[PDB]
Amino acid sequence: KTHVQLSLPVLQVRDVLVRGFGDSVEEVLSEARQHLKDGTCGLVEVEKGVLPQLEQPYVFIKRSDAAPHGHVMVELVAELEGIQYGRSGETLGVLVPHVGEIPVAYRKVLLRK
């Protein structure tokens, strides 16, 4: 399918144990997509002071359109040293590996895959 319904655990930034997906824009988009397929991806909501506590390159989920079955349609955009790779809508959050951190909420998304 071109889209997959996922329910992403929303993590507090200070709980996150693995603070990024890797070392290059291509690697972090690859690993983010793998962890989204495997159910091992968390979401951190972006506010003042969050991104400097995480590792670049960043992977964002961004709104791709204006929400089937309560799932916002999203796509992936990476960022490194102030340059973005992809073009999309409003940020819903930054993706990180999930390794058993307790979430505060879930974010229902329809991921363009």
# chains A, B, ... in the order shown; residues from 1 in each chain; ligands from 1

$ select_by_dssp --residues "stretch 19-71 of chain A" --states "alpha helix (DSSP H)" --output "number ranges by chain"
A: 25-38

$ write_last_selection --atoms "C-alpha atoms" --output "short mmCIF file (atom, residue, chain, number, x, y, z; two decimals), in the first residue's frame"
data_model
loop_
_atom_site.label_atom_id
_atom_site.label_comp_id
_atom_site.auth_asym_id
_atom_site.auth_seq_id
_atom_site.Cartn_x
_atom_site.Cartn_y
_atom_site.Cartn_z
CA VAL A 25 20.33 12.25 5.66
CA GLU A 26 19.93 9.06 3.56
CA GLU A 27 20.63 6.76 6.59
CA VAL A 28 18.20 8.52 8.94
CA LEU A 29 15.36 8.46 6.38
CA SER A 30 16.10 4.73 5.68
CA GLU A 31 16.20 3.80 9.40
CA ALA A 32 13.11 5.94 10.23
CA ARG A 33 11.15 4.09 7.50
CA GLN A 34 12.42 0.66 8.73
CA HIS A 35 11.47 1.47 12.40
CA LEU A 36 8.01 2.76 11.21
CA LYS A 37 7.44 -0.60 9.41
CA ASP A 38 8.71 -2.64 12.49
#

$ residues_around --residues "residue A:106" --least-positions-apart "5" --cutoff "7 Å" --atoms "only C-alpha atoms" --output "VMD selection string"
chain A and resid 7 to 10

$ residues_around --residues "residue A:11" --least-positions-apart "4" --cutoff "9 Å" --atoms "only C-alpha atoms" --output "PyMOL selection string"
chain A and resi 15-16+42-45+96+98+101-105

$ residues_around --residues "stretch 88-90 of chain A" --least-positions-apart "2" --cutoff "9 Å" --atoms "only C-alpha atoms" --output "PDB file with N, CA, C and O atoms, in the first residue's frame"
ATOM      1  N   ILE A  61       8.134  14.127  10.871  1.00  0.00           N
ATOM      2  CA  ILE A  61       6.864  13.846  10.154  1.00  0.00           C
ATOM      3  C   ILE A  61       6.161  15.174   9.959  1.00  0.00           C
ATOM      4  O   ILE A  61       6.014  15.940  10.922  1.00  0.00           O
ATOM      5  N   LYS A  62       5.752  15.431   8.710  1.00  0.00           N
ATOM      6  CA  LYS A  62       5.103  16.679   8.309  1.00  0.00           C
ATOM      7  C   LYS A  62       3.756  16.363   7.641  1.00  0.00           C
ATOM      8  O   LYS A  62       3.616  15.314   7.028  1.00  0.00           O
ATOM      9  N   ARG A  63       2.755  17.178   7.889  1.00  0.00           N
ATOM     10  CA  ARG A  63       1.392  16.973   7.319  1.00  0.00           C
ATOM     11  C   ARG A  63       1.436  17.122   5.791  1.00  0.00           C
ATOM     12  O   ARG A  63       2.004  18.108   5.313  1.00  0.00           O
ATOM     13  N   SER A  64       0.939  16.131   5.045  1.00  0.00           N
ATOM     14  CA  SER A  64       1.114  16.090   3.570  1.00  0.00           C
ATOM     15  C   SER A  64      -0.163  16.569   2.886  1.00  0.00           C
ATOM     16  O   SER A  64      -0.115  16.720   1.646  1.00  0.00           O
ATOM     17  N   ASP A  65      -1.235  16.779   3.646  1.00  0.00           N
ATOM     18  CA  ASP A  65      -2.582  17.092   3.098  1.00  0.00           C
ATOM     19  C   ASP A  65      -3.544  17.399   4.259  1.00  0.00           C
ATOM     20  O   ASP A  65      -3.229  16.991   5.390  1.00  0.00           O
ATOM     21  N   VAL A  74       0.854  12.022   6.549  1.00  0.00           N
ATOM     22  CA  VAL A  74       2.199  12.582   6.849  1.00  0.00           C
ATOM     23  C   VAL A  74       3.219  12.014   5.877  1.00  0.00           C
ATOM     24  O   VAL A  74       3.014  10.930   5.280  1.00  0.00           O
ATOM     25  N   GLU A  75       4.283  12.776   5.677  1.00  0.00           N
ATOM     26  CA  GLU A  75       5.492  12.251   5.029  1.00  0.00           C
ATOM     27  C   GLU A  75       6.754  12.655   5.798  1.00  0.00           C
ATOM     28  O   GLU A  75       6.701  13.521   6.696  1.00  0.00           O
ATOM     29  N   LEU A  76       7.836  12.023   5.411  1.00  0.00           N
ATOM     30  CA  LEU A  76       9.141  12.218   6.082  1.00  0.00           C
ATOM     31  C   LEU A  76       9.930  13.328   5.382  1.00  0.00           C
ATOM     32  O   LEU A  76      10.056  13.309   4.112  1.00  0.00           O
ATOM     33  N   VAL A  77      10.543  14.193   6.189  1.00  0.00           N
ATOM     34  CA  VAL A  77      11.528  15.227   5.754  1.00  0.00           C
ATOM     35  C   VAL A  77      12.723  15.231   6.714  1.00  0.00           C
ATOM     36  O   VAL A  77      12.488  15.273   7.940  1.00  0.00           O
ATOM     37  N   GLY A  86      13.343  17.092   1.237  1.00  0.00           N
ATOM     38  CA  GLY A  86      11.888  17.007   1.204  1.00  0.00           C
ATOM     39  C   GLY A  86      11.254  18.363   1.428  1.00  0.00           C
ATOM     40  O   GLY A  86      11.831  19.264   2.052  1.00  0.00           O
ATOM     41  N   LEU A  92       4.573  17.574  12.801  1.00  0.00           N
ATOM     42  CA  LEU A  92       3.808  16.901  13.873  1.00  0.00           C
ATOM     43  C   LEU A  92       4.790  16.477  14.957  1.00  0.00           C
ATOM     44  O   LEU A  92       4.381  16.472  16.158  1.00  0.00           O
TER      45      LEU A  92
END

$ closest_residue --among "A:78, A:67, A:51, A:83" --to "residue A:110" --atoms "only C-alpha atoms"
A:67

$ atom_distance --atom1 "atom CA of residue A:111" --atom2 "atom CA of residue A:49"
26.5 Å

$ residues_around --residues "residue A:53" --least-positions-apart "6" --cutoff "8 Å" --atoms "only C-alpha atoms" --output "number ranges by chain"
A: 13-14, 19

$ select_by_dssp --residues "chain A" --states "strand (DSSP E or B)" --output "VMD selection string"
chain A and resid 3 to 10 41 to 44 58 to 63 72 to 80 83 to 85 91 to 97 105 to 112

$ write_last_selection --atoms "C-alpha atoms" --output "CSV table (one decimal), in the first residue's frame"
chain,number,residue,atom,x,y,z
A,3,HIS,CA,0.0,4.6,2.9
A,4,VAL,CA,0.0,2.7,6.2
A,5,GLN,CA,-2.1,3.6,9.3
A,6,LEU,CA,0.2,3.8,12.3
A,7,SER,CA,-0.2,4.8,16.0
A,8,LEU,CA,3.1,6.4,17.1
A,9,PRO,CA,4.0,6.6,20.8
A,10,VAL,CA,4.7,10.2,21.8
A,41,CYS,CA,9.5,4.3,16.1
A,42,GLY,CA,8.5,7.1,18.6
A,43,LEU,CA,7.5,10.7,18.1
A,44,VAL,CA,8.8,13.8,20.1
A,58,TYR,CA,16.7,14.9,12.3
A,59,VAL,CA,13.7,13.1,10.7
A,60,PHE,CA,10.4,15.0,10.9
A,61,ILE,CA,6.9,13.8,10.2
A,62,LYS,CA,5.1,16.7,8.3
A,63,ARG,CA,1.4,17.0,7.3
A,72,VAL,CA,-3.3,12.7,9.6
A,73,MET,CA,-1.5,12.0,6.3
A,74,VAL,CA,2.2,12.6,6.8
A,75,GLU,CA,5.5,12.3,5.0
A,76,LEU,CA,9.1,12.2,6.1
A,77,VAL,CA,11.5,15.2,5.8
A,78,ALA,CA,15.2,15.1,7.0
A,79,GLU,CA,17.2,18.1,8.2
A,80,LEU,CA,21.0,18.5,8.6
A,83,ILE,CA,18.9,22.2,5.2
A,84,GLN,CA,15.8,20.1,4.6
A,85,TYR,CA,15.5,17.1,2.2
A,91,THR,CA,5.7,19.4,11.6
A,92,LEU,CA,3.8,16.9,13.9
A,93,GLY,CA,7.1,16.0,15.6
A,94,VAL,CA,10.6,14.5,15.3
A,95,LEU,CA,11.0,10.7,14.9
A,96,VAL,CA,13.3,8.7,17.2
A,97,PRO,CA,13.9,5.0,17.8
A,105,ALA,CA,0.1,9.9,24.2
A,106,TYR,CA,-0.3,8.3,20.8
A,107,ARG,CA,-0.4,10.2,17.4
A,108,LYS,CA,-2.5,8.4,14.7
A,109,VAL,CA,-0.9,9.0,11.3
A,110,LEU,CA,-1.3,7.7,7.7
A,111,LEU,CA,2.3,7.4,6.5
A,112,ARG,CA,3.1,7.9,2.9

$ atom_distance --atom1 "atom CA of residue A:17" --atom2 "atom CA of residue A:100"
9.1 Å

$ closest_residue --among "A:99, A:54, A:66, A:18" --to "residue A:40" --atoms "only C-alpha atoms"
A:99

$ closest_residue --among "A:12, A:71, A:2, A:82" --to "residue A:47" --atoms "only C-alpha atoms"
A:12
